[PDB]
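Enquirer: Just dropping this structure here.
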Amino acid sequence: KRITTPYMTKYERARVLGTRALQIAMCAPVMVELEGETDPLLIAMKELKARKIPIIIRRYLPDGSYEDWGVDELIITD
Amino acid sequence: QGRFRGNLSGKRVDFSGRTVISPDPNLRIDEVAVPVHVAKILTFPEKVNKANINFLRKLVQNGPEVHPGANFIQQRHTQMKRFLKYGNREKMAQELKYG
Amino acid sequence: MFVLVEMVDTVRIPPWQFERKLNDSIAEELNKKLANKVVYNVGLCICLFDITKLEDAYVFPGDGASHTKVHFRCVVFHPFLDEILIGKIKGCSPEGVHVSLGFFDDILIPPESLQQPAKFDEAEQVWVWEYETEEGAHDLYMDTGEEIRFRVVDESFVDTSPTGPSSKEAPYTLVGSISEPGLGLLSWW
Amino acid sequence: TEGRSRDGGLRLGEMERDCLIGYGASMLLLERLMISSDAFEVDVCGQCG
Amino acid sequence: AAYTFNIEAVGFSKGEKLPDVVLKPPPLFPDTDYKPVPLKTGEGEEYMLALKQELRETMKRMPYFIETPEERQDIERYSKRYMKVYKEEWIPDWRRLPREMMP
Amino acid sequence: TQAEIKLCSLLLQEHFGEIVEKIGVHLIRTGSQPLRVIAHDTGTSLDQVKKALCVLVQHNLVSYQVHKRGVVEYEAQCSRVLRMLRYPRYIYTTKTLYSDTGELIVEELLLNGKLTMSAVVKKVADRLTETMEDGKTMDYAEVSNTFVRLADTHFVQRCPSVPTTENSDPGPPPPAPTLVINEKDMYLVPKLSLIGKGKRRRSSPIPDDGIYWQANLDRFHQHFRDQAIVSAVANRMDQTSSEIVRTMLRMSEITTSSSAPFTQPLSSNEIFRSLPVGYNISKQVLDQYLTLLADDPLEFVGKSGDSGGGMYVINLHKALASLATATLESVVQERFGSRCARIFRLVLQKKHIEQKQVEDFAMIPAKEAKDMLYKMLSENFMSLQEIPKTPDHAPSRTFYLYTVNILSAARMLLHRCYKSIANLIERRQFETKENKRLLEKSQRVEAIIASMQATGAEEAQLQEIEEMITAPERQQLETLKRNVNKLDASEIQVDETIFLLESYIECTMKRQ
Amino acid sequence: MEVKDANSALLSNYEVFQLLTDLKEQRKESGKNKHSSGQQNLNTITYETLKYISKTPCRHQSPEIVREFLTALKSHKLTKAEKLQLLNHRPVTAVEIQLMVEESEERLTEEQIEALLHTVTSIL
Amino acid sequence: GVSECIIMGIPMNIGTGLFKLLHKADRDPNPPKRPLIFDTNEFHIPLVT
DNA sequence: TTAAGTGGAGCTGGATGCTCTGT
DNA sequence: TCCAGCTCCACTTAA
RNA sequence: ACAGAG
């Protein structure tokens with residue numbers, strides 16, 4: 001089991017959108033079907049709403065242990 | 001005015017601007033009207049990829065004077081910047097690469 | 001004559017190579033930095049043999065590339081001492097016999113370890129060998145490069161590193177001997 | 001540099017650093033106070049330090 | 001040019017004769033007026049010099065001189081039995097030594 | 001003591017090795033440690049700590065005491081490792097009072113640390129088979145006859161021996177068994193009826209179990225204490241006044257301790273008897289010397305008594321003060337000149353002095369003495385007092401009195417010596433490091449002579465030795481050996497500068 | 001980068017005969033990029049190695065030859081410095097066995113040495 | 001701490017600098033290796049006793 | 001009688017908001 | 001212009 | 001170093 005919270009925080013949302021926008025800015029594949037949007041951050045938000053970002057957030061408990069959470073399996077919200 | 005209060009913890013930055021303010025309610029609550037004289041100076045490095053190449057070709061072809069334009073250009077593995085006012089811009093727009 | 005060497009690394013995979021499988025892209029990048037290169041204490045690294053353990057792929061802040069730690073085994077040309085190989089000739093000199101070994105070119109067969117009847121040439125670059133009954137003092141190691149047989153008696157490494165601020169000698173040497181019975185041209189034995 | 005006559009630029013003060021920490025913005029605090037002022041590289045010897 | 005401190009507090013009351021300014025720095029080895037006293041010679045002083053060479057030649061060969069353990073040898077062969085450096089092994093008196101040190 | 005730690009890492013290197021000095025120096029440097037933290041604070045394996053401590057407890061360079069929870073903590077001895085440099089001075093000084101048999105007895109005790117009486121008389125019988133020929137064997141008996149005479153003059157003492165476990169604390173084994181030293185049998189040898197002959201190295205149940213013998217390095221210092229005082233009396237007056245000091249001190253051997261300002265005073269009625277018979281001297285001429293040596297303001301001797309005719313004592317600590325005085329002035333004359341040493345003896349006698357009185361009392365002018373005044377304060381040979389007029393302590397309203405402090409200049413001059421010896425060892429280990437090419441070249445051409453020397457050795461291998469290119473190279477090898485004979489001999493002679501300083505510092509420390 | 005082991009195992013030159021052949025089986029699907037020497041150093045060190053291997057007698061072997069050659073050679077009391085060279089270098093006469101095996105006339109009988117002329121050549 | 005990450009130009013630990021982002025790469029960890037043929041354990045019992 | 005541990009008094013060293021806009 | 005540490009000196013207890 | 005401005 002994984003005991004930390006299943007809600008994605010605002011910091012995880014911010015850094016996932018940041019890393020995915022910097023990866024869309026360099027010539028990486030786009031996991032969704034883009035429709036003319038040119039800003040990489042808007043494309044990262046389309047990949048976040050459609051649950052398609054390939055990032056695994058590594059949450060660190062402060063004793064040293066860790067927990068691999070997928071981005072697509074956290075309860076994302078505003 | 002020492003190192004630890006003057007040059008390390010807080011330091012003078014660039015890509016900034018300071019102008020008198022004035023009210024406008026026809027904008028949304030999360031908008032700000034930047035003047036044209038500040039928007040021509042403050043630039044953003046937009047990396048070229050598959051999505052924005054045909055947009056950035058037009059923003060290079062407008063140049064540094066017409067407002068939706070570009071002030072510099074920079075190649076892939078080079079660290080120099082070619083100032084875009086000199087030279088032909090429609091040649092530098094047809095020579096853009098991914099990256 | 002080939003051995004394995006186990007190393008660790010951190011491989012930067014840029015984000016324009018995410019469409020391709022990671023194991024097919026790590027192995028190309030490691031051969032772009034190790035092939036035809038002598039890592040100092042181990043010998044000449046030919047290519048990667050297999051990747052044995054592949055850890056997780058961190059993305060550090062300030063980059064879109066993924067960095068992963070790679071455990072891998074590289075096939076490396078390193079002969080053990082007194083291993084008898086077969087080699088070719090490129091040319092000769094008064095400093096010794098310069099023996100080619102395919103991909104590798106710096107083998108020393110010195111006159112201090114040549115055969116006993118002939119040791120010093122008649123101001124000719126080509127080395128000689130004297131036998132009484134047939135071919136008296138006119139035998140020669142031909143520049144066309146026939147196969148010889150030798151014995152690598154000495155190997156020695158030199159640290160070829162920059163000394164002084166940064167703004168061609170061989171770091172992998174090899175010294176042999178031919179004096180044993182059965183070492184020399186294949187035409188003699 | 002300092003002022004408008006010298007084409008100076010503005011200052012991230014000692015208190016606007018305290019406001020970017022309150023948002024938890026780490027890379028924005030890095031981009032304002034390292035990258036867009038005085039980014040630099042140094043030859044650090046790992047042996048003696 | 002006048003400096004921050006007062007030169008009159010230092011000295012120089014006449015106003016002239018400032019000390020000269022060094023152009024080329026002094027060498028690493030300034031020459032000395034005097035030399036060392038020569039050695040004490042004699043038949044009694046020379047025998048101590050002879051035995052001191054007979055200690056480095058003796059104490060390196062003793063079994064107390066623990067040589068560093070070899071490692072990362074390449075492979076095995078038959079030329080190993082000929083090259084085995086033979087040396088006898090000395091056992092201490094464990095009645096004196098603590099129990100915590102047996103091999 | 002950064003110089004002592006550098007020298008101990010050299011003395012443990014040539015005499016014991018590389019992976020053993022890491023354990024010994026780390027106990028001099030850090031302190032008392034159990035065995036597990038020695039490996040952690042060095043980084044070595046646990047097996048090598050078992051090998052490197054058993055050699056250092058063999059030669060008594062490290063000690064131990066029991067602590068809380070039964071842990072065993074070690075402690076190295078800094079002064080005991082520094083006396084491994086005086087090993088050739090310890091073998092030579094027993095060649096004087098004892099024969100070549102006793103010269104090799106202590107030489108087995110110093111190289112092996114601890115030996116048994118059954119084993120040490122064996123090797124002296126063994127190693128002296130080479131020194132004789134024609135069937136004459138060295139027997140076990142006369143070696144013991146020299147050995148029991150060694151214990152009589154205290155040059156060989158028993159180790160602190162293990163106690164009897166059947167009498168003290170029977171049961172479970174303690175880790176460190178608390179070794180203890182006795183006062184009666186330090187020199188009481190066990191009796192031996194065993195004799196035999198030594199082997200000539202042809203290459204083709206124990207009575208003294210637990211009784212270990214080790215060298216007394218204090219007695220050779222008490223033996224070197226006398227030869228420094230007697231030769232100081234010898235050079236001033238006469239050889240005839242020299243033997244009188246030698247007469248009392250040999251009698252004062254067994255009656256006083258190692259640190260005493262005053263020995264037992266001797267009556268002259270038995271001084272005349274113990275004085276050797278080959279001197280043309282009366283009892284009246286004996287009383288002529290003993291009243292004029294006390295008149296010397298060097299004061300080697302004192303009266304200290306009146307009963308029993310002429311009662312006379314000899315000073316020890318005042319004599320070593322006069323030796324450290326002549327040591328501290330013989331280094332000024334050779335470094336700063338003869339005229340500079342005139343001033344250092346002036347401020348020594350006239351205890352507190354100014355600039356004006358030095359140039360008067362020594363007849364050395366202005367601008368020639370003030371250079372030699374200022375270069376001695378800069379080398380810590382002379383100090384100031386600076387008596388003030390005001391509590392402001394300004395340099396314009398005070399006096400400056402030059403003052404020689406002997407004891408602070410006696411430790412400093414000794415600290416110069418410990419770095420001086422280590423610099424000699426570094427120079428020898430530099431020219432031998434860079435020239436192992438030439439010495440192996442001298443080894444291989446002599447290996448043709450050494451290997452196959454007699455068995456099947458033809459005469460067709462004698463002329464091919466100089467055939468190699470080493471023959472013009474021999475000019476450098478003679479230059480190498482003439483350096484070593486000047487380095488290692490100077491390495492021994494600095495210990496003479498140490499011992500006069502080391503005895504003067506040891507006699508002024510109370511250890512309270 | 002950090003190095004863990006100078007010597008790990010000993011490879012025959014048959015195992016790399018199959019490897020550089022299988023490396024050629026996937027290569028030349030993509031040309032060199034000319035962004036660096038990243039494909040320059042690799043191509044000449046795979047080819048010129050495999051050409052020298054293709055003139056060794058390590059050709060026409062199999063994995064089930066190398067396993068059965070080391071099967072019969074197991075009881076002849078030879079080292080890894082010697083069992084390696086008998087497979088790859090193909091002794092056919094008696095002068096090279098004196099070089100590949102140290103103390104050859106003192107450990108191995110002349111009948112047993114002549115058996116090694118038959119033990120190698122009947123497998124390869 | 002925070003105030004010595006801003007001086008050294010490394011990102012702080014609080015806010016968005018507390019967790020690490022991995023990359024979900026199509027990869028096979030501990031993959032099928034290549035078999036060694038010559039140097040196995042069953043064919044190379046050593047010579048010395 | 002005095003050794004010593006702890007009170008009270010004077011001396012000492014540190015600190016005192018953020019920026020632009022000009023002479 | 002306001003505020004904690006550092007050092008000197010009398011003031012009892014206890015032997 | 002002084003004056004301004006918020």
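FYI, nothing fancy with the structure tokens labels: chains A, B, ... in order, residues from 1 per chain, ligands from 1 as they appear.
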Which residues come within 12 Å of residue 17 of chain D, counting only C-alpha atoms (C1' of nucleotides), excluding same-chain residues fewer than 2 positions away, as a list in words?
Expert: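 Residues near the query, excluding close chain neighbours: residues 5, 8, 9, 10 and 11 of chain B; 11, 12, 13, 14, 15, 19, 20, 21, 22, 23, 24, 25, 26, 28, 29, 30, 32 and 33 of chain D; 2, 3, 6 and 7 of chain H.
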Enquirer: Neighbours of segment 73-78 of chain A within 12 Å (only C-alpha atoms (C1' of nucleotides); same-chain residues fewer than 5 positions away dropped), as a PyMOL selection string?
Expert: chain A and resi 2+4-14+16+45+48-57+68
Enquirer: Using only C-alpha atoms, please write the residues we just selected to a file, as a PDB file, in the first residue's frame.
Expert:
ATOM      1  CA  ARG A   2       0.929   3.675  -0.408  1.00  0.00           C
ATOM      2  CA  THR A   4       0.441   9.372   1.375  1.00  0.00           C
ATOM      3  CA  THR A   5      -2.441  11.431   0.060  1.00  0.00           C
ATOM      4  CA  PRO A   6      -4.046  10.597  -3.315  1.00  0.00           C
ATOM      5  CA  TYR A   7      -4.765  14.229  -4.185  1.00  0.00           C
ATOM      6  CA  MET A   8      -2.230  15.899  -6.431  1.00  0.00           C
ATOM      7  CA  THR A   9      -0.978  19.045  -4.753  1.00  0.00           C
ATOM      8  CA  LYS A  10      -0.460  22.405  -6.420  1.00  0.00           C
ATOM      9  CA  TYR A  11       3.310  21.920  -6.271  1.00  0.00           C
ATOM     10  CA  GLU A  12       3.155  18.572  -8.071  1.00  0.00           C
ATOM     11  CA  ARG A  13       0.816  20.063 -10.685  1.00  0.00           C
ATOM     12  CA  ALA A  14       3.137  23.062 -11.124  1.00  0.00           C
ATOM     13  CA  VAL A  16       4.704  18.379 -13.753  1.00  0.00           C
ATOM     14  CA  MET A  45      -2.233  21.198 -19.795  1.00  0.00           C
ATOM     15  CA  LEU A  48      -2.643  16.770 -18.031  1.00  0.00           C
ATOM     16  CA  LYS A  49      -6.414  16.905 -18.521  1.00  0.00           C
ATOM     17  CA  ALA A  50      -6.333  13.885 -20.851  1.00  0.00           C
ATOM     18  CA  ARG A  51      -4.170  11.960 -18.301  1.00  0.00           C
ATOM     19  CA  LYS A  52      -1.304  11.245 -20.715  1.00  0.00           C
ATOM     20  CA  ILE A  53       1.856  12.734 -19.180  1.00  0.00           C
ATOM     21  CA  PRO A  54       4.667  10.142 -18.795  1.00  0.00           C
ATOM     22  CA  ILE A  55       6.057  11.294 -15.430  1.00  0.00           C
ATOM     23  CA  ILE A  56       6.304   9.339 -12.164  1.00  0.00           C
ATOM     24  CA  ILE A  57       6.317  11.673  -9.157  1.00  0.00           C
ATOM     25  CA  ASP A  68       6.246   6.011  -6.872  1.00  0.00           C
TER      26      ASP A  68
END
Enquirer: Show me, as a VMD selection string, every residue of chain C with an atom at most 6 Å from chain G, counting only C-alpha atoms.
Expert: chain C and resid 2 to 9 32 35 to 36 42 102 to 103 182
Enquirer: Nearest to residue 40 of chain B: which of B:91, B:67, B:58, B:77 is it, counting only C-alpha atoms?
Expert: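 Between B:91, B:67, B:58, B:77, the residue approaching residue 40 of chain B most closely is B:67.
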Enquirer: Skipping near chain neighbours, those fewer than 2 positions away, what residues fall within 12 Å of residue 2 of chain K using only C-alpha atoms (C1' of nucleotides), listed as a PDB file with N, CA, C and O atoms (P, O5', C5', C4', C3', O3' and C1' of nucleotides), in the first residue's frame?
Expert:
ATOM      1  P    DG I  22      16.761  59.738 -14.351  1.00  0.00           P
ATOM      2  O5'  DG I  22      17.502  60.852 -13.465  1.00  0.00           O
ATOM      3  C5'  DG I  22      17.585  62.211 -13.908  1.00  0.00           C
ATOM      4  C4'  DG I  22      17.450  63.169 -12.733  1.00  0.00           C
ATOM      5  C3'  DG I  22      18.602  64.158 -12.569  1.00  0.00           C
ATOM      6  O3'  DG I  22      18.195  65.436 -13.048  1.00  0.00           O
ATOM      7  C1'  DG I  22      17.845  63.219 -10.457  1.00  0.00           C
ATOM      8  P    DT I  23      19.275  66.556 -13.452  1.00  0.00           P
ATOM      9  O5'  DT I  23      20.700  65.907 -13.096  1.00  0.00           O
ATOM     10  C5'  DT I  23      21.892  66.683 -13.217  1.00  0.00           C
ATOM     11  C4'  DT I  23      22.229  67.383 -11.913  1.00  0.00           C
ATOM     12  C3'  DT I  23      23.709  67.442 -11.584  1.00  0.00           C
ATOM     13  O3'  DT I  23      24.295  68.587 -12.189  1.00  0.00           O
ATOM     14  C1'  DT I  23      22.484  66.714  -9.674  1.00  0.00           C
TER      15       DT I  23
ATOM     16  P     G K   4      12.464  67.490   0.071  1.00  0.00           P
ATOM     17  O5'   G K   4      11.750  67.236  -1.332  1.00  0.00           O
ATOM     18  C5'   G K   4      10.962  66.078  -1.549  1.00  0.00           C
ATOM     19  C4'   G K   4      10.945  65.679  -3.003  1.00  0.00           C
ATOM     20  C3'   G K   4      10.049  64.498  -3.344  1.00  0.00           C
ATOM     21  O3'   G K   4       8.685  64.836  -3.515  1.00  0.00           O
ATOM     22  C1'   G K   4      12.163  64.151  -4.303  1.00  0.00           C
TER      23        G K   4
END
Enquirer: Pull out every residue of chain C sitting within 12 Å of chain B, counting only C-alpha atoms, and send them as a PyMOL selection string.
Expert: chain C and resi 14-16
Enquirer: Would you output that residue set with N, CA and C atoms, as a PDB file, in the first residue's frame?
Expert:
ATOM      1  N   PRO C  14      18.425  12.888 -24.575  1.00  0.00           N
ATOM      2  CA  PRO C  14      17.688  14.111 -24.894  1.00  0.00           C
ATOM      3  C   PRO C  14      16.256  13.796 -25.279  1.00  0.00           C
ATOM      4  N   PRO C  15      15.331  14.750 -25.128  1.00  0.00           N
ATOM      5  CA  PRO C  15      13.915  14.423 -25.335  1.00  0.00           C
ATOM      6  C   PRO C  15      13.509  14.260 -26.785  1.00  0.00           C
ATOM      7  N   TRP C  16      14.406  14.448 -27.755  1.00  0.00           N
ATOM      8  CA  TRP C  16      14.016  14.119 -29.120  1.00  0.00           C
ATOM      9  C   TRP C  16      14.208  12.642 -29.425  1.00  0.00           C
TER      10      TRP C  16
END
Enquirer: Considering only C-alpha atoms, state which residue in the set E:11, E:30, E:19, E:63 is at the smallest distance from chain F.
Expert: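 So, comparing all the options, the nearest one is E:63.
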Enquirer: I need the residues in segment 4-90 of chain B that are helix (DSSP H, G or I) according to DSSP; give them as JSON, numbers by chain.
Expert: {"B": [4, 5, 6, 7, 8, 36, 37, 38, 39, 53, 54, 55, 56, 57, 58, 59, 60, 61, 62, 89, 90]}
Enquirer: Go ahead and save the residues from that selection, with N, CA, C and O atoms, as a CSV table (one decimal), in the first residue's frame.
Expert:
chain,number,residue,atom,x,y,z
B,4,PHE,N,25.9,40.1,1.6
B,4,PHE,CA,24.9,39.1,2.0
B,4,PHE,C,23.5,39.8,1.9
B,4,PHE,O,22.5,39.1,2.0
B,5,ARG,N,23.4,41.1,1.9
B,5,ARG,CA,22.2,41.8,1.7
B,5,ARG,C,22.0,42.5,0.4
B,5,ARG,O,20.9,42.9,0.0
B,6,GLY,N,23.2,42.8,-0.3
B,6,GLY,CA,23.2,43.6,-1.4
B,6,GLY,C,23.4,42.8,-2.7
B,6,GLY,O,22.9,43.3,-3.8
B,7,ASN,N,24.1,41.7,-2.7
B,7,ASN,CA,24.4,41.0,-3.9
B,7,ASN,C,24.2,39.5,-3.9
B,7,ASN,O,24.3,38.9,-5.0
B,8,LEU,N,23.8,39.0,-2.8
B,8,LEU,CA,23.5,37.5,-2.7
B,8,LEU,C,22.0,37.2,-2.4
B,8,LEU,O,21.4,36.5,-3.2
B,36,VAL,N,3.5,49.0,-25.6
B,36,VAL,CA,4.2,48.5,-26.8
B,36,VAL,C,5.7,48.8,-26.7
B,36,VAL,O,6.5,48.0,-27.1
B,37,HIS,N,6.1,49.9,-26.0
B,37,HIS,CA,7.5,50.2,-25.9
B,37,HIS,C,8.2,49.3,-24.9
B,37,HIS,O,9.4,49.1,-25.1
B,38,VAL,N,7.5,48.7,-24.0
B,38,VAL,CA,8.1,47.7,-23.1
B,38,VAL,C,8.0,46.3,-23.7
B,38,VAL,O,8.9,45.5,-23.5
B,39,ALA,N,7.0,46.1,-24.5
B,39,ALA,CA,6.8,44.7,-25.0
B,39,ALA,C,7.8,44.5,-26.2
B,39,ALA,O,8.1,43.3,-26.5
B,53,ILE,N,6.7,26.4,-35.6
B,53,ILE,CA,7.7,26.8,-36.6
B,53,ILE,C,7.1,27.8,-37.6
B,53,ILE,O,7.7,28.9,-37.9
B,54,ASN,N,5.8,27.6,-38.0
B,54,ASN,CA,5.2,28.5,-38.9
B,54,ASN,C,4.8,29.8,-38.3
B,54,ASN,O,4.5,30.8,-39.0
B,55,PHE,N,4.6,29.8,-37.0
B,55,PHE,CA,4.3,31.1,-36.2
B,55,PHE,C,5.6,31.9,-36.0
B,55,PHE,O,5.6,33.1,-36.2
B,56,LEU,N,6.7,31.2,-35.7
B,56,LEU,CA,8.0,31.9,-35.5
B,56,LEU,C,8.6,32.4,-36.8
B,56,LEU,O,9.4,33.3,-36.7
B,57,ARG,N,8.3,31.7,-37.9
B,57,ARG,CA,8.8,32.3,-39.2
B,57,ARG,C,8.2,33.7,-39.4
B,57,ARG,O,8.9,34.6,-39.9
B,58,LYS,N,6.9,33.8,-39.2
B,58,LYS,CA,6.2,35.1,-39.4
B,58,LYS,C,6.7,36.1,-38.3
B,58,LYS,O,6.9,37.3,-38.7
B,59,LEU,N,7.0,35.7,-37.1
B,59,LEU,CA,7.5,36.6,-36.1
B,59,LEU,C,9.0,37.0,-36.4
B,59,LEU,O,9.4,38.0,-35.9
B,60,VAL,N,9.7,36.2,-37.1
B,60,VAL,CA,11.0,36.6,-37.6
B,60,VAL,C,10.9,37.6,-38.8
B,60,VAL,O,11.6,38.6,-38.9
B,61,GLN,N,9.9,37.3,-39.7
B,61,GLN,CA,9.7,38.1,-40.9
B,61,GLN,C,9.2,39.5,-40.6
B,61,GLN,O,9.3,40.4,-41.4
B,62,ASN,N,8.5,39.7,-39.4
B,62,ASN,CA,8.1,41.0,-39.1
B,62,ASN,C,9.3,41.9,-38.6
B,62,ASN,O,9.4,43.0,-39.0
B,89,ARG,N,15.8,39.1,-43.4
B,89,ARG,CA,15.1,38.4,-42.5
B,89,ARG,C,14.3,37.2,-43.1
B,89,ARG,O,14.1,36.2,-42.5
B,90,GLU,N,13.9,37.4,-44.4
B,90,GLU,CA,13.2,36.3,-45.1
B,90,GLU,C,14.2,35.1,-45.5
B,90,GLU,O,13.7,34.1,-45.9
Enquirer: Could the residues of chain C that have an atom at most 8 Å from chain A be listed as a tab-separated table, each with its closest atom pair and the distance in Å to one decimal, counting only C-alpha atoms and ordered by chain and ascending residue number?
Expert:
residue	atom	partner	partner_atom	distance
C:15	CA	A:28	CA	5.2
C:16	CA	A:28	CA	4.7
C:17	CA	A:28	CA	7.2
C:18	CA	A:28	CA	6.7
C:19	CA	A:29	CA	6.9
C:61	CA	A:19	CA	7.7
C:63	CA	A:22	CA	7.3
C:64	CA	A:23	CA	4.9
C:65	CA	A:23	CA	7.6
Enquirer: Go ahead and save the picked residues with C-alpha atoms, as a PDB file, in the first residue's frame.
Expert:
ATOM      1  CA  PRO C  15      13.915  14.423 -25.335  1.00  0.00           C
ATOM      2  CA  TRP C  16      14.016  14.119 -29.120  1.00  0.00           C
ATOM      3  CA  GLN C  17      14.732  10.407 -28.580  1.00  0.00           C
ATOM      4  CA  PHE C  18      11.703   9.348 -26.498  1.00  0.00           C
ATOM      5  CA  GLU C  19       9.893   7.608 -29.381  1.00  0.00           C
ATOM      6  CA  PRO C  61      15.304  20.590 -12.734  1.00  0.00           C
ATOM      7  CA  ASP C  63      16.462  20.206 -18.309  1.00  0.00           C
ATOM      8  CA  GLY C  64      13.987  18.073 -20.196  1.00  0.00           C
ATOM      9  CA  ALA C  65      16.395  15.217 -20.719  1.00  0.00           C
TER      10      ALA C  65
END
Enquirer: Can you pull out the residues contacting residue 11 of chain J? Cut-off 12 Å, using only C-alpha atoms (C1' of nucleotides), and skip same-chain residues under 3 positions away; I want them as a PyMOL selection string.
Expert: chain I and resi 4-8
Enquirer: Hey, can you spit out that residue selection with N, CA and C atoms (P, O5', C5', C4', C3', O3' and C1' of nucleotides) as a short mmCIF file (atom, residue, chain, number, x, y, z; two decimals), in the first residue's frame?
Expert:
data_model
loop_
_atom_site.label_atom_id
_atom_site.label_comp_id
_atom_site.auth_asym_id
_atom_site.auth_seq_id
_atom_site.Cartn_x
_atom_site.Cartn_y
_atom_site.Cartn_z
P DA I 4 40.60 27.35 46.14
"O5'" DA I 4 39.02 27.57 46.03
"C5'" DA I 4 38.13 26.68 46.71
"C4'" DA I 4 36.69 27.17 46.61
"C3'" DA I 4 36.29 27.77 45.26
"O3'" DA I 4 34.99 27.33 44.89
"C1'" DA I 4 35.73 29.25 46.97
P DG I 5 34.74 26.54 43.51
"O5'" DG I 5 33.19 26.77 43.22
"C5'" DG I 5 32.21 26.33 44.15
"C4'" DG I 5 31.10 27.36 44.29
"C3'" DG I 5 30.59 27.96 42.98
"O3'" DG I 5 29.19 27.76 42.87
"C1'" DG I 5 31.09 29.68 44.57
P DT I 6 28.38 28.27 41.58
"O5'" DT I 6 27.78 29.66 42.07
"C5'" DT I 6 27.06 29.72 43.30
"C4'" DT I 6 26.74 31.16 43.69
"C3'" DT I 6 26.09 32.02 42.60
"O3'" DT I 6 25.07 32.82 43.17
"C1'" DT I 6 27.95 33.12 43.47
P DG I 7 23.82 33.33 42.28
"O5'" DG I 7 23.23 34.55 43.13
"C5'" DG I 7 22.76 35.72 42.45
"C4'" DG I 7 23.18 36.98 43.19
"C3'" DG I 7 23.47 38.18 42.29
"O3'" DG I 7 22.23 38.92 42.01
"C1'" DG I 7 25.30 37.86 43.76
P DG I 8 21.64 40.08 42.96
"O5'" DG I 8 22.49 41.39 42.61
"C5'" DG I 8 22.95 42.25 43.66
"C4'" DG I 8 24.13 43.08 43.21
"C3'" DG I 8 23.86 44.03 42.04
"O3'" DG I 8 24.40 45.30 42.32
"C1'" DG I 8 25.78 42.76 41.60
#
Enquirer: Check every residue of chain H for an atom within 12 Å of chain E, counting only C-alpha atoms, and provide those that qualify as a PyMOL selection string.
Expert: chain H and resi 44-49
Enquirer: Counting only C-alpha atoms, which residues of chain C fall within 10 Å of chain H, and what is the closest atom pair for each with its distance in Å at one decimal, ordered by chain and rising number, as JSON lines?
Expert:
{"residue": "C:18", "atom": "CA", "partner": "H:25", "partner_atom": "CA", "distance": 7.5}
{"residue": "C:19", "atom": "CA", "partner": "H:26", "partner_atom": "CA", "distance": 9.0}
{"residue": "C:20", "atom": "CA", "partner": "H:26", "partner_atom": "CA", "distance": 8.3}
{"residue": "C:21", "atom": "CA", "partner": "H:26", "partner_atom": "CA", "distance": 5.6}
{"residue": "C:22", "atom": "CA", "partner": "H:27", "partner_atom": "CA", "distance": 5.3}
{"residue": "C:23", "atom": "CA", "partner": "H:27", "partner_atom": "CA", "distance": 6.2}
{"residue": "C:24", "atom": "CA", "partner": "H:27", "partner_atom": "CA", "distance": 9.1}
{"residue": "C:49", "atom": "CA", "partner": "H:34", "partner_atom": "CA", "distance": 7.7}
{"residue": "C:50", "atom": "CA", "partner": "H:33", "partner_atom": "CA", "distance": 6.2}
{"residue": "C:51", "atom": "CA", "partner": "H:33", "partner_atom": "CA", "distance": 7.5}
{"residue": "C:52", "atom": "CA", "partner": "H:30", "partner_atom": "CA", "distance": 6.0}
{"residue": "C:53", "atom": "CA", "partner": "H:30", "partner_atom": "CA", "distance": 4.9}
{"residue": "C:54", "atom": "CA", "partner": "H:29", "partner_atom": "CA", "distance": 5.2}
{"residue": "C:55", "atom": "CA", "partner": "H:29", "partner_atom": "CA", "distance": 7.0}
{"residue": "C:56", "atom": "CA", "partner": "H:22", "partner_atom": "CA", "distance": 7.1}
{"residue": "C:57", "atom": "CA", "partner": "H:22", "partner_atom": "CA", "distance": 5.5}
{"residue": "C:58", "atom": "CA", "partner": "H:22", "partner_atom": "CA", "distance": 4.5}
{"residue": "C:59", "atom": "CA", "partner": "H:22", "partner_atom": "CA", "distance": 5.6}
{"residue": "C:60", "atom": "CA", "partner": "H:21", "partner_atom": "CA", "distance": 7.4}
{"residue": "C:61", "atom": "CA", "partner": "H:11", "partner_atom": "CA", "distance": 8.3}
{"residue": "C:62", "atom": "CA", "partner": "H:11", "partner_atom": "CA", "distance": 9.9}
{"residue": "C:64", "atom": "CA", "partner": "H:23", "partner_atom": "CA", "distance": 9.9}
{"residue": "C:65", "atom": "CA", "partner": "H:23", "partner_atom": "CA", "distance": 9.2}
{"residue": "C:66", "atom": "CA", "partner": "H:23", "partner_atom": "CA", "distance": 6.6}
{"residue": "C:67", "atom": "CA", "partner": "H:23", "partner_atom": "CA", "distance": 9.1}
{"residue": "C:68", "atom": "CA", "partner": "H:22", "partner_atom": "CA", "distance": 9.6}
{"residue": "C:71", "atom": "CA", "partner": "H:30", "partner_atom": "CA", "distance": 9.8}
